[PDB]
Amino acid sequence: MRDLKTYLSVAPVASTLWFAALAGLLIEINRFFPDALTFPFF
Amino acid sequence: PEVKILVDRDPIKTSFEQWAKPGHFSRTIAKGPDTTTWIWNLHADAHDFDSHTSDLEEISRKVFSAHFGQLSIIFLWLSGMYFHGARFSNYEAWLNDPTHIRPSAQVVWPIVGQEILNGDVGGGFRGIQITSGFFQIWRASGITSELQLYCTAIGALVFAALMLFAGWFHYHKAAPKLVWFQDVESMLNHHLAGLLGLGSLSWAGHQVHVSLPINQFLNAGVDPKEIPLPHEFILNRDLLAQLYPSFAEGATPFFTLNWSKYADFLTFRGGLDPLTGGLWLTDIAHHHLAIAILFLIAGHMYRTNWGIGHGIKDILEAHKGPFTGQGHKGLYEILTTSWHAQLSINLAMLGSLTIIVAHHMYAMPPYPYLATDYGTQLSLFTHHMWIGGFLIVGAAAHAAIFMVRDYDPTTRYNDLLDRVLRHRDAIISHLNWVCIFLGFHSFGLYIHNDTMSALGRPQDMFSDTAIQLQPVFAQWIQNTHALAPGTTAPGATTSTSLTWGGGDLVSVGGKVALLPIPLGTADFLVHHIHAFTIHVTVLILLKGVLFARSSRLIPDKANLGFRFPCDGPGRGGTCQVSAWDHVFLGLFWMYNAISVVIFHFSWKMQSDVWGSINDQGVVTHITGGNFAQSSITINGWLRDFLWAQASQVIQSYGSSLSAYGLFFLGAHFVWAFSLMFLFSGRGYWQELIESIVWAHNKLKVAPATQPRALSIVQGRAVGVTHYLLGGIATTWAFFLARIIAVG
Amino acid sequence: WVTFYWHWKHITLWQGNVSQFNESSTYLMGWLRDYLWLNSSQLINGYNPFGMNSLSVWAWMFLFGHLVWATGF
Amino acid sequence: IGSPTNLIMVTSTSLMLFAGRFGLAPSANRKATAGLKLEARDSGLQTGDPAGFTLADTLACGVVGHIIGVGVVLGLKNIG
Amino acid sequence: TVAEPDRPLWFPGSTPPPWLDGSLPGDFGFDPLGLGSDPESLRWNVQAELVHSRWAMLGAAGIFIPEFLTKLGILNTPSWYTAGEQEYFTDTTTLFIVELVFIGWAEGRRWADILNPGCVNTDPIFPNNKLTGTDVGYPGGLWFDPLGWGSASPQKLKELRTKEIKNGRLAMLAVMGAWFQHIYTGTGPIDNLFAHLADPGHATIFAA
Amino acid sequence: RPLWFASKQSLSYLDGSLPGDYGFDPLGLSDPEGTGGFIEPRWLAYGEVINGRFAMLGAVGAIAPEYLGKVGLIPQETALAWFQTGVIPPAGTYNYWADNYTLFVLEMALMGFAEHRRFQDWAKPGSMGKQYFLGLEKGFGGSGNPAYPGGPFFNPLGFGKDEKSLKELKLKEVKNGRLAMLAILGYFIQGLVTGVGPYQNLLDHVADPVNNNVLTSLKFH
Ligand code: CLA
Ligand code: CLA
Ligand code: CLA
Ligand code: CLA
Ligand SMILES: CC1=C(/C=C/C(C)=C\C=CC(/C)=C/C=C/C=C(C)/C=C\C=C(C)\C=C\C2=C(C)CCCC2(C)C)C(C)(C)CCC1
Ligand SMILES: [Ca+2]
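Residues numbered from 1 in each chain as written, not as in the entry; some residues may be left out. Chains lettered and ligands numbered in written order. Part of a larger assembly, values for the part shown. Heavy atoms only, no water. Residues with missing side-chain atoms left out of burial classes, pairs and counts.

Explain the coordination of the calcium ion (ligand 6) to me, using residue names and the numbers behind them.
The textbook angles at a metal center are 109.5 degrees for a tetrahedron of four donors and 90 or 180 degrees for an octahedron of six. Within the protein, the calcium ion (ligand 6) binds to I5 of chain B (O), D31 of chain F (O) and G34 of chain F (O); these donor distances fall in the range 2.9 to 3.2 Å. Remark: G34 of chain F occurs in the loop between α1 (10-13) and α2 (41-70) and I5 of chain B occurs in the segment before β1 (7-8); the pair is interchain, linking two chains. Overall, the relative accessible area of 36% leaves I5 of chain B in the partly exposed class. (Donors = N, O, S within 2.8 Å, 3.2 Å for Na, K, Ca; no water. Helix = DSSP H or I, 4+ residues; strand = E, 2+ residues; numbered from the N terminus. Buried < 20%, exposed > 50% of the residue type's maximum accessible area, 1.4 Å probe, protein only.)

Structure representation (structure tokens):
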């Protein structure tokens, strides 16, 4: 169990989980706010 | 001496403790990283099992479980393929109009405008056109509804689970023994008769019960939903008799030896079925039956436990002559000890087999409506060619590995190999001379033709209209093939393939399927170019293998290992002397060969075969038969092939093919990116990282894992990997865009 | 990069079509298609299976430069 | 019965069973060398027969009898 | 706190894990994947099972009792599945944000007790009140144990806590049961009970 | 000691102490050299015991209702072949008090309890009479031998109270199991070829041995 959690903290797995969460967030941001060449809220 | 099942129980415990320890397999890597080079070594030596230990049994069990994991991944891949055919595809629409519908099995999500890649493929479907050819396979097998593809995907998922479980089982639980792996006679017997024989027999059983009847109903125009289910042909044999009458007997001619009755669905007519464009399915089923019988017989050559049969050791030792000494004696001990030797042999043979598959599938289209899906055919050919070339380079690599690590004349001697080593110099010098002669007498002809066409002397060129170099031998061979049915092949109704027999042009749905292929001066020049490139690749790889141990420059090269950068700037310079660097250069040359091969294929098919046929029989090819005059010139290859056919990929923006336009340039980018590594050395990069480390240490942000530039071997590996990726992906995008647009 | 820039801007200016440069120089597929590929037409047709003109000496040198360069690899 | 195939099959079978039952062919206890010598091996697999014919060599002779049988039958049926 | 070696296990004939010795309530040695091997994860998941059990028992009653009496000629409660789509005295998002604030307060003090036992057992305004319980997950005090059945001898407390976790495990299966039932079937779970009692051999999962 | 197609390999371990030991192992599957999962000679003898027992019930109960309905009091609604019972729905499905699938789930729960506890007598013999189980634990202790557990449940009458008559009855069970295992295999191939029933096919050959479905080799449902 502790060894399994230590494996999940290795560089590639932490990178995938972190970049997957990051990719999903940016996808939803461009899904609710598509296009946008500017910062429109001024 | 008695072949039997042999395993050990619980040799390795199942635990996550070694998961959390990176580099556990190696004794130097397990201490953790002192510099960043560690991180790379962990991946470079991840699958080098015979360097983790010296016990052959551990190595064999690791290899067994790795094979099971590979089979699990392949079954998962097939599950994905069948599931995409069932869930996100227009296969049912392609089944009703195979000549107009574009096969598609991938639909993209609409997020950042990529939905443009969901192009109009017909049948009310927006997606990505597929060239793998799964539609043709599923039609040939008789699949009609999405439900059957669903069930096949579920079965493939279950089989992936089974393979993964078996991989865990035969390493952590009941793990086989060394002698079990070494029972070569039993293994070859079961692979010839049990695997190949019974496999061909099972597929012939499916083809005579599902493929033939369902495909008869599909050819007749019956709606696929109104077609009876396959199992209905196994219950009421009236349905099978109404299509193939011999099924009304019931295995009686098979046992009474009246096999002449089965000629209704087991035929030898050859050629192509003019309705689908593929080989006659009755002929393919008869073929699989014959292959099944042949392999079921061949799986009895090798003795096991009942006296009868051969021992490979005796057969080897008995083959020695006056030129080769006591040849073949000792090879049985070599091939039962070294994994790398078996891997070299099998990689060579499997790669050459993949190349043979690439040729045979284009010249004899096995699946219905495959010959007219020009995208699918071009993609299959090119893909199989690349697979074969890579596998042969790997054969070379593992032969060299065996030479460095498993070769020892004091323990497992062989006379043939020793004799080869005792004149490697003569062998390599002669191959060198052959390569020079072929380079002059193939490419030099192209330079001659360029210089004559530029000087306004088209009659002093080598052309079908000027100095002719006709491939008389290949022409006579294809003519002899054309006249074989009815003479040297009385049972054959038509020619073996359509490229042989004069006339007999098969077309499907307004597009041509196949016709007799012309052979002229252009074909001669290109075939000699192919021979020359193959020879130079062979020279590089074989010279690396034979000189892996010793040379006049470095007499102790074997001590330096199989994979080492150099041996110093001395002796004038010793860079790239390892066999690994010979594989590294053979990669480039295999690329240079296979690329010319596939470009030859593309231009030949688009010039002299593929095209549109009139109602009256007027065939206009995709390019106007420009192969004879344009391809005998390097400028012709630059202009009438690249510059002309790259239009589709440089114009694909704003359409569903724009992804190919992006991959074109991205592959250009990574190809040029490789040149930074291939043209430079790691000393400069380390000296740069030094100043960068100064900058980091100034702001208390330098990592403990000290950054280090890539190793020399890693520099070359990255360089050749990116070079190959860029080149192959560029050609991939270009081919796919061109053939999907003009197809 | 400097000379690709200079030649394309002028060869579109001399043709009176500065809009093609202003609209295609903003993406690299435009540089590959509307500059190298398009202007290579008369060059690569310096000599073809149907004859040649005075541009053949460049079509030859064009390939000559491709050979020397690749030989250096 | 009901065809000349029975005569040709029972001939190829019984003759091949005959060549394996006694001497004159490689058996489970008769190993071959240069295509003509038959050295005496000990098969290990027990058979009640006292002369040397085994059940493994039985199935071997029956199969080869059928191989030659099917070959001769379909050869004479496709000629005359 | 009282280990029991010969306790009735989940899999009779098998060996319990070394980290499940029978001192916990509802201990049947069931942990094939070793999710609670280390003591840190064991105590955290023990609190997770306890809170899961209590919430699911409230949920099991909130489904199976109103759905029962409304089938009878007693109540008018709508379906538990569609109870969210209903409109109450204010919009759902306001109810949820209020719930987040107030339940967040209760879970915040519950989290402080789990990570640091005893440091939250006092009222931050009127210090004389306090909570009497000494075990994590069993806060005691006047609010959460007014009747006093929670401060007793061992064995007895172990019997009651075994009853609690068992009912909660049954309730967790019960809540998920009603969920996947109303997805598979198209009616309330009391209709599934009556449909099965009407034809136990045919009105099963193999009815569609 | 009768030896049927023995070998130097088979006779090394086939000792004669196992019930029904005819010394038959040309493949050397009970070879004790490389023992792992399921290739354990004890597990293989247990497999023959259990397969033979279930096939004895199978060989009887598959041909039983067909013959019974041919000449018997039990109604003809329930008198069919074993493959037309609903086992294979495409071969003919009869409707019981459940939908066949619920019969399978119920029988999997019952066989689950029975076979799981039978396996616990193989992994740890004697442990099945220790944990509470609403009584019944005494007879679930076993006699140490997995394939022969005995006890008040599975051997209440005490047949073969001595080791001699016990051995003879074991020898009889082994050969009866082999006979019934080949029997249900014959039922499978006959129902595959004849397609009329295990007993209807026997009657077709009794009054007409000249029929001989071997030369026939035609198959219908
Ligand atoms: C197309 C070929 C190519 C490319 C792309 C580069 C790129 C680069 N060179 Mg280089 N070079 C090349 C050819 C090339 N060179 C050749 C043929 C030679 C002769 C041997 C040299 C010799 C050379 C020297 C001597 C030096 C460089 C340096 C550099 C770097 C300059 C820093 C910079 O501009 O920021 C970045 C520019 C980029 C183009 C980076 C692009 C890649 C981005 C990061 C992709 C993003 C990753 C993305 C997530 C993709 C996912 C990948 C996935 C598989 C993980 C840069 C990365 C200098 C340097 O090191 O800078 C400090 C340096 O001194 N080059
Ligand atoms: C008729 C018997 C038989 C069959 C069918 C196979 C089949 C196979 N063997 Mg195998 N082998 C056999 C006997 C057999 N072997 C014997 C007697 C020996 C010597 C003792 C070996 C030793 C051996 C080695 C060392 C290796 C193989 C490997 C393979 C796989 C090669 C990859 C492939 O072709 O993909 C095709 C995929 C398929 C055809 C799917 C069908 C796979 C089925 C489900 C397997 C059933 C056959 C199996 C032997 C039956 C026992 C399993 C059972 C106890 C559950 C393949 C599936 C390689 C491997 O391990 O791959 C993982 C390999 O490394 N075999
Ligand atoms: C069945 C085929 C087979 C098998 C079993 C092996 C097995 C082995 N090879 Mg080998 N090889 C093969 C085929 C095969 N090879 C072929 C076809 C080639 C020709 C290219 C080679 C050339 C080769 C060389 C030159 C070397 C080996 C080496 C080795 C050993 C170490 C492997 C390792 O850990 O590398 C680790 C694997 C990686 C680090 C992954 C690298 C990433 C790849 C190269 C690029 C990925 C691109 C991908 C395909 C697509 C892009 C996706 C991306 C954008 C994400 C190992 C026993 C090495 C050795 O030390 O011998 C003992 C050695 O140096 N092989
Ligand atoms: C376009 C670039 C290029 C060219 C022209 C060559 C050419 C050659 N390579 Mg090479 N190679 C290249 C790139 C190139 N390579 C790259 C990038 C790599 C890195 C992977 C390699 C790696 C490599 C290896 C490892 C090997 C070669 C070998 C060879 C030689 C093969 C023998 C031959 O074909 O003879 C014929 C000569 C030619 C085809 C060149 C053109 C000759 C023209 C047509 C004749 C003109 C003559 C004319 C009268 C000149 C007189 C003019 C005067 C006024 C000066 C050949 C000369 C092999 C070798 O050594 O030979 C056995 C070999 O081992 N190459
Ligand atoms: C003991 C005895 C005896 C003897 C007998 C004998 C002599 C027997 C035999 C024999 C036999 C009885 C034989 C037969 C056989 C058969 C077999 C063995 C088979 C098989 C199979 C197979 C394998 C096949 C295959 C094939 C071919 C060939 C071709 C292709 C297809 C097919 C599949 C058809 C006496 C009388 C003295 C005494 C008493 C008893
Ligand atoms: Ca064994």
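Describe the UniProt feature "transmembrane region" in chain F, naming the residues involved and giving the relevant values.
What UniProt calls "transmembrane region" maps, in this numbering, to residues 179-199 of chain F. With 81% helix and 0% strand, the stretch residues 179-199 of chain F has end C-alpha atoms that lie 17 Å from each other. (UniProt positions renumbered as here; feature names shortened; annotations may be inferred.)

Requested: an account of the pairing of strand β3 (residues 119-122) of chain B, with residues and values cited.
Strand residues, when the strand is regular, have side chains that alternate between the two faces of the sheet. Residue and element names in this part refer to chain B. With three bridges joining them, β3 and strand β4 (residues 125-129) adopt antiparallel strand pairing. In the sheet register, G122 faces β4, and the bridge partner there is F125. The turn joining β3 and β4, which pair antiparallel and follow one another in sequence, is formed by two residues; a positive phi near 60° is taken by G123. (Pairing = 2+ DSSP bridges.)

Please provide a residue-by-residue account of the packing of aromatic side chains, values included.
Counted by the stated rule, this structure contains 90 aromatic pairs over all chains. On the basis of an interplanar angle of 40° and a centroid distance of 5.3 Å, the ring pair of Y82 of chain B and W138 of chain B is categorised as tilted. Within this pair, whereas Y82 of chain B is found in helix α3 (residues 56-87), its partner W138 of chain B is found in helix α5 (residues 134-141), the two being separated by 56 residues in sequence. With a relative accessible area of 17%, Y82 of chain B lands in the buried category. An aromatic cluster is defined as three or more aromatic residues linked by ring pairs; in this entry it consists of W386, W580, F584, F588, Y591, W671, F679 and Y723 of chain B together with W69 and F73 of chain C. A cation sits over an aromatic face here: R424 of chain B above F547 of chain B, 4.6 Å from the ring centre. For the cation-ring pair, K170 of chain F lies above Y148 of chain F, with the distance from its terminal atom to the ring centre recorded as 4.4 Å. (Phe/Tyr/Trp six-rings, centres within 6.5 Å; stacked < 30°, edge-to-face > 60°. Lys NZ or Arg CZ within 6 Å of the ring centre and 35° of its normal.)

So what's going on with the site of ligand 5? Residues and values would help.
All residues in the neighbourhood of ligand 5 are listed as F254 and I293 of chain B together with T13, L17, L59, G62, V63, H66 and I67 of chain D. What surrounds ligand 5 is not a single chain but chains B and D. Burial of ligand 5 by the protein chains amounts to 38% of its free accessible area of 980 Å². No other element matches the five residues that helix α2 (residues 55-77) of chain D contributes to the shell around ligand 5. Residue composition of the shell around ligand 5, grouped by class: six nonpolar, three polar and no charged. (Near = heavy atom within 4 Å. Areas by Shrake-Rupley, 256 points an atom, 1.4 Å probe, with all protein chains shown as cover. Nonpolar A, V, L, I, M, F, W, Y, C, P; charged D, E, K, R; others polar.)

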